[PDB]
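> fold the following, please.
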Amino acid sequence: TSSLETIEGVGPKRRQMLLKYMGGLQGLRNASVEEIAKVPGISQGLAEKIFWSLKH
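Residues are numbered from 1 along each chain as shown. Right below this line is the structure:
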């Protein structure tokens with residue numbers, strides 16, 4: 001239900017950023033908030049948002 005993929009600042013590419021950062025969703029799936037929290041704004045809010053996306 002969480003619009004994590006279309007967060008108030010995600011959906012266009014922000015998420016992809018991670019891959020623009022890693023170049024592979026897998027890595028993003030392997031990257032929890034800990035890693036995801038290394039992108040634009042994506043520190044905790046987005047980070048988590050993404051975490052719950054691929055992580056678990």
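> contact partners for the spatially most central residue of the chain?
Centroid-nearest residue in the chain: residue 50, 3.3 Å away (criterion: CA atoms, centre = their mean). Under the criterion of CB atoms under 8 Å, 6 or more residues apart in numbering, the neighbours of residue 50 are 4, 10, 15, 18, 28, 33, 36, 42. Every C-beta, even on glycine, is put in place using the N, C-alpha and C of the backbone.
> mind running it again at 7 Å?
Contact analysis of residue 50 by CB atoms under 7 Å, 6 or more residues apart in numbering lists 4, 15, 18, 28, 36, 42.
> where's it, which helix or strand?
Here residue 50, judged by DSSP states H and E, is contained in helix 45-54.
> for that helix, buried residues please.
For helix 45-54, the neighbour count (16 or more other CB atoms under 10 Å) marks 46-51, 53-54 as buried.
> dump the contacts of residue 50 to a markdown table, plus neighbour count and secondary structure.
Below are those laid out as a markdown table (neighbours: other CB atoms under 10 Å; DSSP: H, G, I helix; E, B strand; the rest coil):
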| residue | neighbour count | secondary structure |
| --- | --- | --- |
| 4 | 17 | helix |
| 15 | 25 | helix |
| 18 | 27 | helix |
| 28 | 24 | helix |
| 36 | 27 | helix |
| 42 | 25 | coil |
